[PDB]
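Scroll down for the structure; my scribbles are underneath it.
Chain naming here is simple, since letters A, B, ... match the order of the sequence lines and numbering starts at 1 in each.
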Amino acid sequence: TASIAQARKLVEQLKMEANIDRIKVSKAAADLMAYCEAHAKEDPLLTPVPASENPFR
Amino acid sequence: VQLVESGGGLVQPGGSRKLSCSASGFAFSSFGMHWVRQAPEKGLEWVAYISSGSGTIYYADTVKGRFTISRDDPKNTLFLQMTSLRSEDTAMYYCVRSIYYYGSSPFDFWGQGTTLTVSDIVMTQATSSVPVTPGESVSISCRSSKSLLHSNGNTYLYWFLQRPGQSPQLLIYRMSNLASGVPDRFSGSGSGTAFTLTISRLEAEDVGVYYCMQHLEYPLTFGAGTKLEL
Amino acid sequence: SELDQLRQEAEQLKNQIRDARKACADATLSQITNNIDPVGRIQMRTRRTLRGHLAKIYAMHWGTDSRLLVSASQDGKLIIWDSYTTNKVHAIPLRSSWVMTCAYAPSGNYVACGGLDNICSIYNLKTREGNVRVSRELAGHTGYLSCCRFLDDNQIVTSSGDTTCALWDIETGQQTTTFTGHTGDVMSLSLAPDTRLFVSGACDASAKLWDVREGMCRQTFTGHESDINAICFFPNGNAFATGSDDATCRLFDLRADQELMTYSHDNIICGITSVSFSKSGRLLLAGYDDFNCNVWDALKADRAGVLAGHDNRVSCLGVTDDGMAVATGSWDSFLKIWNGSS
Amino acid sequence: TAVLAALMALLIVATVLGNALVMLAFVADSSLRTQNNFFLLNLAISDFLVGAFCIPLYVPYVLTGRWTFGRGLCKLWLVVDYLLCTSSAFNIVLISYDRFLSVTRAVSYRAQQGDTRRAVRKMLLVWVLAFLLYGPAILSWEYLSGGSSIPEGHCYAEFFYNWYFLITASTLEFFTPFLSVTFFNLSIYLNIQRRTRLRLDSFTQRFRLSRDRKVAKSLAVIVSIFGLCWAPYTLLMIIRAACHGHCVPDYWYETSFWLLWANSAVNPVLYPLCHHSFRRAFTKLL
Amino acid sequence: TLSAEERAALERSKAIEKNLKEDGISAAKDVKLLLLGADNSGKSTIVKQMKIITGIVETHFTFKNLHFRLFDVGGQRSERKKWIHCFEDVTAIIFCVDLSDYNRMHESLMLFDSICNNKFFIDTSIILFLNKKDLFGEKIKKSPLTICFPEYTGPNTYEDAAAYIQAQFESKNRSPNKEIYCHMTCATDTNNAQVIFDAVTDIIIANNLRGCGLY
Ligand SMILES: CC(C)CCC[C@@H](C)[C@H]1CC[C@H]2[C@@H]3CC=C4C[C@@H](O)CC[C@]4(C)[C@H]3CC[C@]12C
Ligand SMILES: CC(C)CCC[C@@H](C)[C@H]1CC[C@H]2[C@@H]3CC=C4C[C@@H](O)CC[C@]4(C)[C@H]3CC[C@]12C
Ligand SMILES: CC(C)CCC[C@@H](C)[C@H]1CC[C@H]2[C@@H]3CC=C4C[C@@H](O)CC[C@]4(C)[C@H]3CC[C@]12C
Ligand SMILES: CC(C)CCC[C@@H](C)[C@H]1CC[C@H]2[C@@H]3CC=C4C[C@@H](O)CC[C@]4(C)[C@H]3CC[C@]12C
Ligand SMILES: CC(C)CCC[C@@H](C)[C@H]1CC[C@H]2[C@@H]3CC=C4C[C@@H](O)CC[C@]4(C)[C@H]3CC[C@]12C
Ligand SMILES: c1cc(Cc2c[nH]cn2)ccn1
């Protein structure tokens with residue numbers, strides 16, 4: 001009775017995942033794009049800092 | 001962690017004496033060791049330094065050539081061989097451990113000291129004594145002839161507290177950091193050559209003499225010391 | 001009878017979720033980010049080379065001060081480096097040399113590691129004795145330890161090859177919560193910035209989102225074709241990226257509950273070992289079996305640059321908290337620090 | 001005339017950069033720190049200075065026919081030239097002795113492999129013994145035998161026409177090293193053949209037998225090239241000393257003279273290039 | 001280095017670097033062996049004098065001035081190809097096969113093929129062990145070898161039956177550069193340490209010859 005016990009748990013888990021609220025992909029894509037734009041200047045790898053401000057000269 | 005000194009006592013002028021510092025409860029071979037002396041009714045004076053691994057040895061000018069500092073790592077014993085002892089050498093000699101890596105706290109533990117009786121950046125603490133009352137905020141000032149701020153961003157200024165009858169204890173290391181086991185009421189502030197130790201909500205235990213030491217370069221020099229009295 | 005009926009209901013639920021995800025898939029991230037300008041060519045130089053490991057480096061982790069880092073090698077040595085000076089701050093001899101993961105506590109007082117010995121060992125870096133000592137050995141996993149991350153000085157999350165993740169109370173040495181549901185070996189985990197959620201990637205080619213406090217799986221992310229080896233949260237916590245053996249990296253969204261973008265190239269046919277984001281999240285850096293680290297444009301899925309400075313697998317990488325530099329560890333026993341110049 | 005100048009320049013070019021890559025690869029790679037890797041560096045160091053200091057300085061001696069650099073500088077060149085070639089011969093014995101230990105004392109060789117303290121100590125002994133063979137002899141021959149028989153404008157060893165010293169010096173410089181290299185490379189072949197014989201006593205067995213033959217050809221070339229470059233000059237010096245140059249053609253001496261320096265250009269091809277660890281380092285740099 | 005504390009910090013780092021080299025030199029003097037085989041193939045007691053030093057079980061012993069470290073990975077029930085690359089720098093692989101178990105005989109053949117042709121063990125030699133050869137000879141009388149190998153058509157004698165099984169495993173090796181050291185051992189056999197030492201010595205010489213540039 002191992003398979004039948006596992007089947008009940010797997011079905012019950014899928015119910016929880018199917019009841020979540022999902023936003024549109026366009027809404028989710030915009031938020032990721034917005035965060036990158038807002039923090040672009042404080043990203044040293046994206047925009048390398050002048051050598052005076054680089055600890056790894 | 002324990003540091004017990006022995007070998008001190010009354011000696012004749014021009015004689016020789018061997019001071020020992022036995023270490024227990026910590027990795028002795030990992031710590032550099034200093035000898036610091038304090039003349040009776042005087043401030044602290046650094047004597048010698050031996051690094052971990054015995055590779056680097058420093059002496060104060062007043063003792064260089066007469067004193068020899070050595071360590072025995074397997075026995076966890078620190079030695080100070082003294083020769084041609086003068087009346088200027090009459091002091092209490094303290095054994096001080098100090099480990100050096102990024103973010104370490106040198107001079108964190110001091111020994112009880114041994115008494116010997118014989119028959120350069122200038123650190124200034126102009127205020128010898130300060131009358132204080134419990135629960136009131138107190139500020140102590142220290143000055144240096146040279147800027148203690150290094151190009152790496154560290155300001156190598158240390159604060160010590162020597163309560164009456166007790167060995168010195170580290171309060172502030174590198175001018176702002178609070179030593180382990182020290183209440184948060186102590187705060188170190190400074191810039192360039194002028195430094196301030198602020199003690200908010202002073203208590204009975206804080207009564208004592210406060211010394212500022214520079215570790216920017218050798219020889220390490222101490223201030224005169226500021227005494228707090230009720 | 002009952003078993004057959006139940007497994008049919010699972011298929012209906014899977015179709016319900018797939019239809020639900022397709023309903024909210026109105027647009028594509030590629031379409032959204034078409035207008036924005038590319039990041040250009042990302043050129044990074046090796047500022048530092050950390051030498052001293054005498055075997056394959058398997059893991060590295062930056063400290064929160066963006067200066068100290070811990071690396072693990074199978075020479076049985078945990079080393080803590082001062083990256084500014086290349087000074088070695090500590091060298092921790094490991095009881096078991098088969099280490100696969102290492103973690104630096106955000107407080108800086110502890111480091112953790114563990115591998116094929118099925119143990120997560122906690123090391124105290126700030127002791128009155130002046131040496132690093134083992135403070136805790138977390139036993140309870142029945143498979144190898146693949147990843148570990150501190151939440152604080154008292155809590156750590158570990159993923160294992162026994163298909164489970166665990167949340168541990170370090171002071172008591174017991175796992176308070178066990179996260180079950182993966183059908184394969186869990187190879188990696190990433191903590192959300194608020195440390196309320198964490199994602200894990202397993203060898204069942206799926207990524208599961210777990211609630212730390214509640215202790216259950218909130219969402220499951222599929223789309224990879226082979227074992228997931230690496231996983232990393234987006235800096236705002238609303239997305240994560242994975243790396244698998246199918247030579248692809250995928251960006252999954254938590255709120256949209258689906259994949260948003262795939263980062264693969266036709267020349268790339270090797271597995272991915274490590275993934276990380278830049279501070280703004282615009283760059284996705286991935287380590288590969290072909291000895292290289294490819295810098296991707298996270299929004300546009302363009303290969304921005306290549307870090308080619310290792311003669312063996314890039315086994316691990318990490319970006320500092322301030323975003324100043326990226327470290328790469330490799331099977332050639334070297335660590336390298338990279339950043340660009342104006 | 002100009003052709004001879006180009007050939008000498010080519011030998012200078014090949015010897016300098018050829019032995020420089022071995023030194024460049026040794027510095028570039030930090031994993032090349034086994035005692036064998038140090039010994040190959042020492043051979044490269046000895047041969048590098050031959051093509052950079054000795055051969056370039058000797059070019060005027062051939063084109064002009066007279067030594068115009070002075071009596072004092074000639075003694076320096078004689079000592080350096082005899083030191084480097086003697087050290088090059090002693091390095092080859094050191095490399096062959098190293099390979100002899102790896103096959104025979106395999107357990108102990110691997111235990112002591114990577115011990116840089118022994119490698120540096122054995123490297124120093126090569127240079128110390130190399131100097132003691134010709135250093136004191138060249139410097140103190142004029143000051144102990146009376147005058148100098150070397151005509152003004154000529155630069156060669158004081159014992160150039162001596163018969164008793166040349167045969168004795170060459171015995172400890174080439175005759176003993178050549179028999180040692182022959183003995184060492186022969187014992188490697190016998191051990192490999194014997195070990196494979198017990199192994200057999202398929203596709204795998206064919207490959208192992210083919211590998212042993214490839215080593216045998218590699219071992220034979222090493223002994224042959226070292227013998228081919230050094231034997232003519234070493235024999236000519238002893239023969240020419242007996243007849244004082246009457247029985248030896250003048251142009252024959254120079255031809256055998258350049259064979260020893262030609263050995264400094266083939267050594268990088270033999271030991272480092274055929275070495276597996278150094279071959280990867282060459283590809284890594286280029 | 002300029003600061004007084006930085007100079008002592010640099011000295012501490014140099015002292016650490018020196019100890020790392022000393023540990024690595026002592027570590028390189030050990031012969032690391034990966035122990036593989038079936039679930040019950042005699043790998044637990046392959047050497048009598050060895051002593052143990054869910055996880056990886058490491059066993060070490062010293063034989064004729066050579067230190068052997070044997071790692072048993074049978075306790076790892078997880079996916080092997082996720083952690084088998086941790087042993088890419090192993091000196092040799094010891095594979096144990098039980099000749100008295102026909103049911104697991106075909107299990108060993110497919111297990112041998114994957115390890116022999118693994119991408120991380122191309123140049124790694126294998127010391128194949130065929131244990132319980134005395135029980136195989138006793139059991140070959142009533143039970144013919146054709147039960148486990150239907151394609152076997154040779155004589156039913158013990159000498160040929162054991163040789164056929166050995167040839168089956170060596171047929172899995174598709175790389176001419178790999179050398180397999182097969183040995184027929186009993187339960188009461190007490191020279192397995194010598195067999196490993198003889199095989200490892202041959203492997204070391206091949207490694208040394210590569211190290212000295214002859215290969
Ligand atoms: C790299 C290769 C080409 C080097 C070749 C070296 C040999 C073949 C060349 C270089 C130097 C040349 C010698 C230079 C000087 C002399 C002395 C002269 O009175 C006879 C010719 C003779 C003896 C030349 C013979 C050929 C020679 C020995
Ligand atoms: C005319 C002479 C004096 C010029 C100098 C030649 C000698 C002294 C120079 C030239 C090449 C140099 C070597 C170049 C590379 C290395 C590898 C390094 O890990 C140790 C130092 C070492 C071994 C150097 C030692 C000194 C060296 C051999
Ligand atoms: C072991 C090896 C490296 C030692 C080498 C020592 C060499 C470099 C030293 C020791 C003796 C020195 C020689 C002593 C005497 C003379 C005679 C003088 O008119 C020219 C310089 C000259 C020729 C010196 C050249 C350099 C010299 C040969
Ligand atoms: C013209 C004459 C003087 C040249 C003499 C060459 C001698 C002095 C030079 C050239 C090669 C040098 C060696 C090259 C490599 C090493 C290994 C290093 O770890 C220690 C120093 C050591 C051992 C050097 C010692 C000095 C050395 C032997
Ligand atoms: C007076 C001297 C120069 C004449 C002797 C020349 C020959 C016989 C000497 C010079 C260099 C010497 C070698 C130098 C170094 C070693 C390494 C040592 O571990 C074994 C002996 C060995 C291999 C020596 C063997 C003998 C040797 C080859
Ligand atoms: C013999 C001869 C020399 C001098 C020489 C001959 N050829 C080139 N250089 C040096 C050492 N041993």
Side-chain angles (χ1 to χ4, degrees), chain D residues 30 32-37 39-40 95-116 184-185 188-189 191-192 195-196 198-199 202 204-212 215-216 218-219 222 270-279, chain E residues 17-18 20-32 62-68 89 91 116 125-128 163 166-173 175-183 195-215:
Chain D
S30 55
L32 307 182
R33 295 305 183 272
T34 63
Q35 299 184 6
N36 182 267
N37 296 314
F39 296 163
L40 266 48
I95 300 168
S96 299
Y97 178 74
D98 170 75
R99 300 181 174 179
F100 168 80
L101 291 182
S102 65
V103 187
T104 59
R105 297 175 180 177
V107 176
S108 181
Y109 171 88
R110 204 186 69 107
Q112 307 169 1
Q113 184 183 7
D115 190 359
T116 65
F184 291 157
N185 285 20
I188 297 176
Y189 173 81
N191 266 261
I192 289 183
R195 189 160 305 271
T196 306
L198 302 185
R199 176 57 178 169
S202 63
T204 57
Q205 301 182 358
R206 297 169 187 176
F207 187 86
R208 180 158 182 170
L209 288 178
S210 66
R211 186 180 65 182
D212 301 357
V215 174
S218 184
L219 290 177
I222 289 179
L270 298 185
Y271 299 86
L273 184 59
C274 299
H275 198 290
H276 173 65
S277 303
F278 278 86
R279 192 186 301 105
Chain E
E17 301 175 12
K18 187 182 185 63
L20 294 178
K21 293 188 179 62
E22 295 189 0
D23 293 331
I25 289 178
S26 298
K29 302 169 55 182
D30 293 335
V31 178
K32 295 163 53 183
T62 299
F63 189 80
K64 293 183 178 299
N65 298 121
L66 203 53
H67 187 248
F68 300 90
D89 303 86
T91 299
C116 192
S125 302
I126 301 183
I127 308 175
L128 181 61
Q166 169 181 334
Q168 286 299 137
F169 285 93
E170 301 191 34
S171 58
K172 308 301 179 180
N173 176 24
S175 57
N177 315 340
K178 183 185 304 299
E179 189 153 2
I180 301 181
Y181 304 84
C182 302
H183 186 251
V195 180
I196 301 174
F197 174 74
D198 289 345
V200 163
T201 298
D202 191 76
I203 299 168
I204 289 180
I205 295 187
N207 292 328
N208 289 2
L209 285 170
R210 274 283 187 86
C212 71
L214 287 185
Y215 281 178

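- Every residue meeting the salt bridge (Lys or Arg N to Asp or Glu O under 4.0 Å) condition with E/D23, not counting sequence neighbours, appears here in chain and number order: C/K77.
- For chain D, the option among E/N65, E/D30, E/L66 with the highest count of heavy-atom pairs below 4.5 Å is E/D30.
- Contact check for D/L219 versus E/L214: side-chain heavy atoms found under the 4.5 Å cut-off.
- By the 4.5 Å heavy-atom criterion applied to side chains, E/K178 and D/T204 are not counted as neighbours.
- Counting heavy-atom pairs under 4.5 Å between each of E/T201, E/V200, E/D202 and chain D puts E/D202 at the top.
- In this structure the side chain of E/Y215 reaches within 4.5 angstrom of the side chain of D/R211, judged on heavy atoms.
- Of all the listed residues (E/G211, E/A206, E/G24), the one sharing the greatest number of non-hydrogen pairs under 4.5 Å with chain D is E/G211.
- Here the straight-line distance linking atom NZ of E/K29 with atom CD of D/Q113 works out to 12.5 Å at 0.5 Å rounding.
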Exercise for the section: Decide yes or no on side chain to side chain contact (heavy atoms under 4.5 Å, CB included) for D/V107 and E/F197, but give the supporting numbers first. Expected result: CA-CA 10 Å; D/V107 176; E/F197 174 74; 4.3 Å; yes
Exercise for the section: Determine, stepwise, if the pair E/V31 / D/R110 fulfils side chain to side chain contact (heavy atoms under 4.5 Å, CB included). Expected result: CA-CA 10 Å; E/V31 178; D/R110 204 186 69 107; 3.3 Å; yes
Practice task
Applying side chain to side chain contact (heavy atoms under 4.5 Å, CB included), run through D/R199 and E/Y181 and close with a yes or a no.
Solution key: CA-CA 9 Å; D/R199 176 57 178 169; E/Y181 304 84; 3.2 Å; yes
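- Side-chain contact between D/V215 and E/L209 is absent, with no heavy atoms from C-beta onward closer than 4.5 Å.
- From D/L198, atom CG reaches atom CG of E/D198 across 10.0 Å, with rounding to the nearest 0.5 Å.
- Proximity to chain D is limited to the backbone of E/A28, based on heavy atoms less than 4.5 angstrom apart.
- One finds the OH atom of D/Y109 at 6.0 Å from the CG atom of E/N208 (value rounded to the nearest 0.5 Å).
- For D/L40, no part lies under 4.5 angstrom from a heavy atom of chain E.
- Across D/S96, D/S102, D/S277, a single residue satisfies side chain to side chain contact (heavy atoms under 4.5 Å, CB included) together with E/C212, and that is D/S102.
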